[PDB]
Structure formats: C-alpha cells, structure tokens
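Have a look at start36.cif; it's mmCIF, C-alpha atoms and all ligand atoms:
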```cif
data_input
#
loop_
_atom_site.label_atom_id
_atom_site.label_comp_id
_atom_site.auth_asym_id
_atom_site.auth_seq_id
_atom_site.Cartn_x
_atom_site.Cartn_y
_atom_site.Cartn_z
CA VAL H 3 127.90 98.72 94.98
CA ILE H 4 125.11 101.09 93.91
CA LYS H 5 123.94 99.96 90.46
CA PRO H 6 122.02 102.18 88.07
CA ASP H 7 118.98 99.86 88.20
CA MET H 8 117.89 98.30 91.50
CA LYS H 9 115.03 96.40 93.06
CA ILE H 10 113.13 96.63 96.30
CA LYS H 11 111.26 94.20 98.53
CA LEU H 12 109.60 95.19 101.74
CA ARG H 13 107.24 94.17 104.49
CA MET H 14 105.40 96.69 106.70
CA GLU H 15 103.78 95.64 109.97
CA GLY H 16 101.65 98.31 111.70
CA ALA H 17 98.68 99.61 113.50
CA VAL H 18 96.50 102.67 113.22
CA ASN H 19 94.39 103.55 116.28
CA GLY H 20 95.17 100.07 117.61
CA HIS H 21 94.05 98.13 114.56
CA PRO H 22 96.81 96.03 112.98
CA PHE H 23 97.68 95.44 109.38
CA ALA H 24 100.44 94.11 107.16
CA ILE H 25 101.58 95.14 103.70
CA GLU H 26 104.11 93.72 101.34
CA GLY H 27 105.79 95.23 98.33
CA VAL H 28 108.20 94.88 95.43
CA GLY H 29 109.56 97.56 93.31
CA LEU H 30 112.38 99.04 91.38
CA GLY H 31 114.28 102.23 90.84
CA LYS H 32 117.17 104.23 89.54
CA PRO H 33 119.26 105.51 92.42
CA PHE H 34 121.26 107.97 90.41
CA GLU H 35 118.19 109.42 88.69
CA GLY H 36 116.30 109.74 92.04
CA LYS H 37 113.32 107.68 90.63
CA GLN H 38 111.49 104.65 92.05
CA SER H 39 108.22 102.82 91.92
CA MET H 40 106.58 99.94 93.68
CA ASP H 41 103.55 97.75 93.93
CA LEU H 42 102.12 97.28 97.31
CA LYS H 43 99.61 94.68 98.53
CA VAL H 44 97.72 94.57 101.76
CA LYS H 45 98.21 91.11 103.34
CA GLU H 46 96.28 91.40 106.60
CA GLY H 47 93.76 93.90 108.03
CA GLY H 48 92.22 95.01 104.74
CA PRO H 49 90.22 96.91 103.60
CA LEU H 50 92.29 99.55 105.40
CA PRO H 51 89.92 101.83 107.40
CA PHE H 52 92.18 104.90 107.01
CA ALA H 53 93.71 107.05 104.30
CA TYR H 54 96.43 105.10 102.55
CA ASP H 55 98.35 108.32 102.08
CA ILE H 56 99.61 108.28 105.65
CA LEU H 57 101.68 105.23 104.74
CA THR H 58 103.20 106.18 101.45
CA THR H 59 106.23 108.17 102.61
CA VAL H 60 107.17 105.27 104.79
CA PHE H 61 107.30 102.90 101.81
CA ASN H 65 114.59 105.19 101.01
CA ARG H 66 116.70 108.24 100.39
CA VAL H 67 119.19 106.25 98.25
CA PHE H 68 116.65 106.96 95.55
CA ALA H 69 117.50 110.60 95.42
CA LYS H 70 119.61 112.28 92.77
CA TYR H 71 122.60 113.81 94.61
CA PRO H 72 124.91 116.16 92.67
CA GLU H 73 128.71 115.78 92.99
CA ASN H 74 129.12 118.75 95.33
CA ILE H 75 126.98 117.32 98.19
CA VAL H 76 127.98 114.35 100.34
CA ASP H 77 125.52 111.38 99.79
CA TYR H 78 125.12 109.80 103.21
CA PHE H 79 122.82 107.12 101.86
CA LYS H 80 124.73 105.71 98.88
CA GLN H 81 127.90 105.66 100.98
CA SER H 82 126.25 103.57 103.74
CA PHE H 83 126.00 100.53 101.36
CA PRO H 84 126.56 97.59 101.35
CA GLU H 85 125.97 97.57 105.13
CA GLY H 86 122.96 99.89 104.69
CA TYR H 87 121.16 102.29 107.03
CA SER H 88 118.03 102.59 109.18
CA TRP H 89 115.69 105.51 109.86
CA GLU H 90 113.07 106.56 112.44
CA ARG H 91 110.36 109.14 111.91
CA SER H 92 107.71 110.91 113.82
CA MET H 93 104.81 112.38 111.73
CA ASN H 94 102.79 114.92 113.71
CA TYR H 95 99.44 115.78 112.15
CA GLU H 96 97.80 119.11 112.83
CA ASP H 97 94.75 117.48 114.49
CA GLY H 98 96.90 115.42 116.94
CA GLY H 99 97.15 112.25 114.90
CA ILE H 100 100.72 111.03 115.44
CA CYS H 101 102.49 108.34 113.37
CA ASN H 102 105.81 106.70 114.29
CA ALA H 103 107.60 104.68 111.69
CA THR H 104 110.88 102.88 111.27
CA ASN H 105 112.64 101.26 108.31
CA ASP H 106 115.76 99.00 108.47
CA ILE H 107 117.34 98.87 104.93
CA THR H 108 119.65 96.07 103.85
CA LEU H 109 121.03 95.12 100.47
CA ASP H 110 120.85 91.61 98.97
CA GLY H 111 122.50 91.44 95.55
CA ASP H 112 120.75 94.08 93.43
CA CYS H 113 117.76 94.30 95.77
CA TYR H 114 117.08 96.56 98.76
CA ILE H 115 115.15 94.85 101.58
CA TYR H 116 113.03 96.93 103.99
CA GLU H 117 111.76 95.84 107.34
CA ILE H 118 109.17 98.54 108.28
CA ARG H 119 107.14 99.22 111.43
CA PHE H 120 104.27 101.84 111.38
CA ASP H 121 102.23 103.00 114.42
CA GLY H 122 99.52 105.69 114.21
CA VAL H 123 97.49 106.90 117.27
CA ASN H 124 95.00 109.56 118.15
CA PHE H 125 93.43 110.12 114.74
CA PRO H 126 89.98 111.58 115.23
CA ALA H 127 87.12 109.40 113.89
CA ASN H 128 85.71 112.39 111.95
CA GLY H 129 89.06 113.61 110.59
CA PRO H 130 90.31 113.23 107.06
CA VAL H 131 92.48 110.20 107.75
CA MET H 132 89.82 108.01 109.35
CA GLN H 133 87.15 109.17 106.81
CA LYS H 134 89.55 108.73 103.89
CA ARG H 135 89.22 112.31 102.61
CA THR H 136 92.80 112.82 101.41
CA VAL H 137 93.76 113.24 97.78
CA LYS H 138 97.54 113.42 97.62
CA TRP H 139 100.67 114.76 99.28
CA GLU H 140 101.90 117.99 97.71
CA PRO H 141 105.55 117.88 96.53
CA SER H 142 107.88 118.98 99.31
CA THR H 143 111.36 120.11 100.25
CA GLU H 144 113.06 118.20 103.12
CA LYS H 145 115.79 120.02 105.07
CA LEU H 146 118.72 117.85 106.04
CA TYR H 147 121.32 118.57 108.74
CA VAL H 148 123.74 116.72 110.97
CA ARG H 149 123.22 116.30 114.62
CA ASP H 150 125.24 114.10 117.10
CA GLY H 151 127.01 112.30 114.28
CA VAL H 152 123.77 111.24 112.51
CA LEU H 153 121.67 112.85 109.82
CA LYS H 154 118.33 114.47 110.43
CA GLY H 155 115.71 115.43 107.89
CA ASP H 156 112.72 117.65 108.56
CA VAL H 157 109.77 118.49 106.32
CA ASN H 158 106.55 120.46 106.37
CA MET H 159 104.11 118.23 104.50
CA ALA H 160 100.52 118.87 103.35
CA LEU H 161 97.81 116.49 102.10
CA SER H 162 95.35 117.96 99.73
CA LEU H 163 91.75 117.25 100.85
CA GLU H 164 88.78 116.06 98.74
CA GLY H 165 86.51 119.02 99.73
CA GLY H 166 89.42 121.42 98.99
CA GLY H 167 92.12 122.75 101.33
CA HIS H 168 95.04 121.01 102.98
CA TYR H 169 95.84 118.96 106.09
CA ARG H 170 99.28 119.59 107.62
CA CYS H 171 101.81 117.20 109.01
CA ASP H 172 105.36 117.80 110.26
CA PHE H 173 107.91 115.06 109.67
CA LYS H 174 111.08 114.56 111.84
CA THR H 175 113.35 111.79 110.58
CA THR H 176 116.68 110.50 111.89
CA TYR H 177 118.78 108.53 109.45
CA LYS H 178 121.55 106.22 110.83
CA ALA H 179 124.25 104.67 108.67
CA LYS H 180 125.30 101.22 109.86
CA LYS H 181 128.98 102.15 109.39
CA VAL H 182 131.04 105.34 109.56
CA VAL H 183 130.42 107.54 106.49
CA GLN H 184 131.30 111.12 105.60
CA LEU H 185 128.66 113.53 106.89
CA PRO H 186 127.04 116.15 104.73
CA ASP H 187 126.56 119.88 105.16
CA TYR H 188 123.11 121.39 105.30
CA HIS H 189 121.12 120.63 102.20
CA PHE H 190 117.66 120.02 100.69
CA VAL H 191 115.90 117.13 99.00
CA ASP H 192 112.92 117.93 96.75
CA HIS H 193 110.38 115.09 96.82
CA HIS H 194 107.26 114.27 94.80
CA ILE H 195 105.38 111.08 95.78
CA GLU H 196 102.32 109.97 93.77
CA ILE H 197 99.89 107.01 93.89
CA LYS H 198 99.71 106.29 90.12
CA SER H 199 97.06 103.61 90.32
CA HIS H 200 95.18 101.64 92.83
CA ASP H 201 92.15 99.43 93.34
CA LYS H 202 88.92 100.50 95.02
CA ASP H 203 89.86 99.67 98.63
CA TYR H 204 93.65 100.25 98.16
CA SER H 205 94.49 96.60 98.64
CA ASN H 206 96.69 97.12 95.54
CA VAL H 207 98.60 100.40 95.08
CA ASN H 208 101.25 101.46 92.56
CA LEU H 209 103.44 104.18 94.14
CA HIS H 210 106.05 106.47 92.47
CA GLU H 211 108.50 108.94 93.86
CA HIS H 212 111.07 111.26 92.35
CA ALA H 213 113.64 113.09 94.58
CA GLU H 214 116.55 115.45 93.95
CA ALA H 215 119.13 116.88 96.31
CA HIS H 216 120.23 120.50 96.10
CA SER H 217 122.28 123.04 98.04
NI NI H 301 107.04 115.71 89.87
NI NI H 302 92.34 107.22 92.58
#
```
Any chance you could give the structure as structure tokens?
Ligand code: NI
Ligand code: NI
Amino acid sequence: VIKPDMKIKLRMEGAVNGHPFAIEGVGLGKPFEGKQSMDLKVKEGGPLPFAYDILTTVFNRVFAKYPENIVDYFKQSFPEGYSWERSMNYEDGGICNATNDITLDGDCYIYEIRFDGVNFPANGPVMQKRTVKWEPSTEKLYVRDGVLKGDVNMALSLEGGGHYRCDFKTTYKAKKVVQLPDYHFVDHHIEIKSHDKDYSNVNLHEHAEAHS
C-alpha cells in the first residue's frame, strides 16, 4: 500500500494571535527514502503577518526512512491512515497547537490541518518575521497509553544571530491497531528552498531518518 513515489494534497486552516488564514498545498515524496517536498500557496489572510517558519513542521512521518529493525508505526497505519496533535511551546510564551488528519486516496496522501497560535509578542521574532530557518533536529519517540509520542527540542536561527527555542510535544494516533515501536529517534531537516517576497508561495523540503 506504500508505494515508492507518492503525492500529497493538503489544506491548512488557522489563526495566529486571532487572525485567520488558509493555505493549500500539493507535493510529492519518497516514503522509503524519507524525502518529500511541496508547494504551498496562501489562499486567504495573506500577506501573512508572522514568520512562515512556525507553520512548516505542520505541513507526515510516513516520509521517514525506517530501517528494518525498528517498527514503523506510520507505514503500518495505511491504508486507514493516522492523525496527530502537537503543542509547540516557544520560549517567549508563544504557543501553537496543530492537528493533522492523514488519509490516503490512491497514490496521494490528503491532509486536513488546523493551526492555532496565541500569545506571540508583537516585538518578538515571529511577529516581526526575524527567523531564518529551523536547525536540523532529533525527535525522540516513545509509546504511551497505546499511542506514540514524539518530542523534540527545536531552534530557529534568527536574522541578527542567535536562536529562538521551541519545544514540540506530538501525539500520533493510528486509525487501526498496529504494532508499537520501542524507543527510537527520527533525525529531521526541514528547509524552505524557495519562496516569494511575502511567502504567498513557498517550496518546502524535508528529509527524515529513523535510528535506534
Ligand atoms: Ni540535510
Ligand atoms: Ni529567502
């Protein structure tokens, strides 16, 4: 059911500091190589008044290269698919909640995404768009109450130098019973490869690899 080459379509609806927006996307990847990319377009609420970077990790752990010796919760959950929930706690009190419900239609994954950011300070790097990129990261994955958790210490590099820290807590939920993994890691590296001036168009890449 998992094919070597796969597509993606998605819609995100969200709000940051009570201002709504909508984004759509199409993309493609290689699930077994842990690579994907996508083009994203802002449909409503542009030009976004906040750092696009806060959204990019929300725009699928099926696109992660799992070796044979680690159970792959995500590829097993297909064709029924899985959903996830995430809280993203920024060091200045900015908090983002996100969810993604992932279904499969033919060779295409479909994402229905909600994003909700509150309490970003007007003079902070998100609302003044002073972020450069996310550093590559290592997510720690562990089972709890029959579902899979993933935690990660993330950092955004900042235009004047330095970093801005965010802690991610994700819960991933297969829509059917699957085998559960042991403790393991996923290395991630997410990059905006191109974009237009106000980020109404963005081309986003990620490569991920599981290890134990
Ligand atoms: Ni890389
Ligand atoms: Ni740029």
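Distances here use all atoms listed in the file; by that measure, the residue among H:70, H:216, H:21, H:138 closest to residue 196 in chain H is H:138.
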Of the candidates H:214, H:150, H:201, H:121, which one gets nearest to residue 36 in chain H if we count all atoms listed in the file? H:214
Just want the residues within 9 Å of ligand NI 301 (chain H), written as a PyMOL selection string, counting all atoms listed in the file. chain H and resi 141+193-196+211-213
Report, in Å with one decimal, the straight-line distance from CA of residue 109 in chain H to CA of residue 184 in chain H.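 These two atoms are separated by 19.7 Å.
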d(CA of residue 46 in chain H, CA of residue 203 in chain H) in Å: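 Pair CA of residue 46 in chain H / CA of residue 203 in chain H returns 13.2 Å.
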Check the smallest atom-to-atom distance from each of H:106, H:117, H:112, H:90 to residue 175 in chain H using all atoms listed in the file, then report the winner.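 Looking at the shortest contact to residue 175 in chain H, the residue is H:90.
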For each of H:172, H:186, H:54, H:153, take the minimum atom-to-atom distance to ligand NI 302 (chain H), counting all atoms listed in the file, then give the residue where this is smallest.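 Closest to ligand NI 302 (chain H), using all atoms listed in the file: H:54.
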Could the residues that lie within 9 Å of ligand NI 302 (chain H), counting all atoms listed in the file, be listed as a PyMOL selection string? chain H and resi 137+197-202
Would you compute the distance between CA of residue 31 in chain H and CA of residue 105 in chain H? Give it in Å to one decimal.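 According to the coordinates, CA of residue 31 in chain H and CA of residue 105 in chain H are separated by 17.6 Å.
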Quick one: residues within 7 Å of residue 139 in chain H, all atoms listed in the file counted, chain neighbours fewer than 6 positions away excluded, as a ChimeraX atom specification? /H:160-162,195
How about saving the chosen residues, C-alpha atoms kept, as a tab-separated table (two decimals), keeping the file's coordinate frame?
```tsv
chain	number	residue	atom	x	y	z
H	160	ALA	CA	100.52	118.87	103.35
H	161	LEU	CA	97.81	116.49	102.10
H	162	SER	CA	95.35	117.96	99.73
H	195	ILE	CA	105.38	111.08	95.78
```
Local residues around (100.9, 121.6, 112.0), at most 8 Å away, using all atoms listed in the file, as a PyMOL selection string: chain H and resi 94-97+170-172
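Take the candidates H:60, H:145, H:72, H:178 and check each one against residue 104 in chain H using only C-alpha atoms; the shortest distance goes to H:60.
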From the set H:87, H:116, H:169, H:204, which residue has the shortest atom-to-atom contact distance to residue 130 in chain H, counting only C-alpha atoms?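 Checking each candidate against residue 130 in chain H, we get H:169 as the closest.
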May I have the residues within 12 Å of residue 76 in chain H as an MDAnalysis selection string, using all atoms listed in the file and disregarding those fewer than 2 positions away in the same chain? chainID H and resid 70:74 78:82 146:148 153 183:190 215:217
